[PDB]
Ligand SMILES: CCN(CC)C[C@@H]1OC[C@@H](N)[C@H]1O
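Coming up is one lone chain in structure tokens, specifically the form solved without this ligand.
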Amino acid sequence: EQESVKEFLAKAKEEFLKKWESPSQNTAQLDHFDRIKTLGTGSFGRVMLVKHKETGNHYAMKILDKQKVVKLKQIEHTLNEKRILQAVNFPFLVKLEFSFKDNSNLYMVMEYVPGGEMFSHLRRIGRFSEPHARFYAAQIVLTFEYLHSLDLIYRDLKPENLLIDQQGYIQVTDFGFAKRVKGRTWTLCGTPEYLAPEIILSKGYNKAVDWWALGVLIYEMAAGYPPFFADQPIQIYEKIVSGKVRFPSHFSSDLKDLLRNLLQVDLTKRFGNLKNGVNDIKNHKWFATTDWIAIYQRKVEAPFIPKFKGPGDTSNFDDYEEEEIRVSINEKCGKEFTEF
């Protein structure tokens, strides 16, 4: 590896560790913002477009209900998410701008990316050409090189978590399953189509699960559907552990070769997890046309610029029932979230 790359990652780790050891806390409050629209909603949290009342800036505010986080056994995961997000800094990671908590909720105020989810664009176009998929894949390779060098595993790679920004570049969002891991970890988490075999088999697993998920993502970007698709999770899991995959004839030979090495059931043989680490991926023939430095510096023209009218446009996100942000008169779960 070139010394310029080693010195970049060494500085990246130094800066991450300083924030990791002394996390920021309580840097805004709810009534500093106007609520605009719900952008997404789930079991214990929502994401809302908000506007800062003084600056007029738009943000995506992730709101987690503390009581529901506790009930769904996500305490450690939510503390991971905020502690990691306030400590990282990389061009293709959505930036955390503020965080705070109140009697009822936890709040993470993120930069708003109006272009929408890759998922929507992929489903609307059908599939991406290999150059298009390769542009996005290269950004994920660099992002995982950065995260893994900090001993972080991401564990939620899927098209819904990749937002497309105003320049057509990727911004990775949702660190709900990200974790600082030296060695192995054991939690069952992730969306079924993207789970590595060693997760399904309840093994102690490591950062190699992110490289497996990259193989699933590249396949899905280039085919339009994921490689182990089936109607129920149990059938998906059987396909994942089987060690076989069917490639569309339109895939290039180089793409198939890369995917066989990322979708390697044996984690000890999987690209990204060998002695040369990420460089087996970066040096693969499928990436021969990729200028890694130019991607990082955002100097490559993107294949596609999302259509939107301005920083407040929500047209690339969906419609959800608009629900209250209620804040109880009494503190809930104060002890569990002391460090948030």
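Heads up: residue numbers just count along the shown sequence, starting at 1. Rigid core (definition): largest C-alpha set, two forms, superposition within 1.5 Å.
**Q** Look over 39 to 47 and 22 to 30 in the entry and identify the one with the greater average Cα temperature factor.
**A** Looking at the recorded C-alpha B-factors, 39 to 47 comes out higher on average.
**Q** For the C-alpha atoms alone, is the average B factor greater in 193 to 201 or in 231 to 239, going by the entry?
**A** Higher mean C-alpha B-factor in the PDB entry: 231 to 239.
**Q** Among 206, 129, 105, 249, where is the Cα B factor highest in this entry?
**A** Within the set 206, 129, 105, 249, 249 shows the top C-alpha B-factor.
**Q** Tell me, lowest, middle or highest third: where does the Cα B factor of residue 76 rank within its chain?
**A** It falls in the top third of the chain.
**Q** Rank-wise, by C-alpha B-factor, drop residue 182 into the lowest, middle or highest third of its chain.
**A** Highest third - that is where residue 182 ends up once the chain's C-alpha B-factors are sorted.
**Q** How does the C-alpha B factor of residue 245 compare with the rest of the chain: lowest, middle or highest third?
**A** Highest third - that is where residue 245 ends up once the chain's C-alpha B-factors are sorted.
**Q** Based on the entry's values, in what third of the chain does the Cα temperature factor of residue 188 lie: lowest, middle or highest?
**A** Residue 188: CA B-factor falls in the highest third of its chain.
**Q** Against its chain's modelled residues, does residue 304's Cα B factor rank lowest, middle or highest third?
**A** Residue 304: CA B-factor falls in the highest third of its chain.
Missing here is the form solved in complex with this ligand; even so, the following discussion is about that form.
**Q** Exactly one of 247, 237, 98, 177 has a non-hydrogen atom within 4.5 Å of this ligand in the deposited complex; which residue is it?
**A** It is 177.
**Q** Although this ligand is absent from this view, report whether residue 78 comes within 4.5 Å of it in the deposited complex, heavy atoms only.
**A** The answer is yes: residue 78 has a heavy atom within 4.5 Å of this ligand.
**Q** With the partner left out here, check for me: in the deposited complex, does some heavy atom of residue 158 sit within 4.5 Å of this ligand?
**A** Flag for residue 158 set to yes.
**Q** With heavy atoms only and a cut-off of 4.5 Å, decide whether residue 206 touches this ligand in the deposited complex.
**A** Outside the cut-off, so no.
**Q** Which residue, 73, 260, 184, 250, is displaced 2 Å or more at the Cα between this form and the one not shown after superposing the core?
**A** Going through each option, the one that shifts is 73.
**Q** Note whether the distance between the C-alpha atoms of residue 201 and residue 71 decreases (closer) or increases (farther) in the deposited complex, against the displayed form; the change is 3 Å or more.
**A** Here the pair is farther apart than in the deposited complex; there, closer.
**Q** Between residue 322 and residue 71, do the C-alpha atoms lie closer or farther in the deposited complex than in the shown form, with a difference of 3 angstroms or more?
**A** The answer is farther, because the C-alphas of residue 322 and residue 71 separate from each other in the deposited complex by 3 Å or more.
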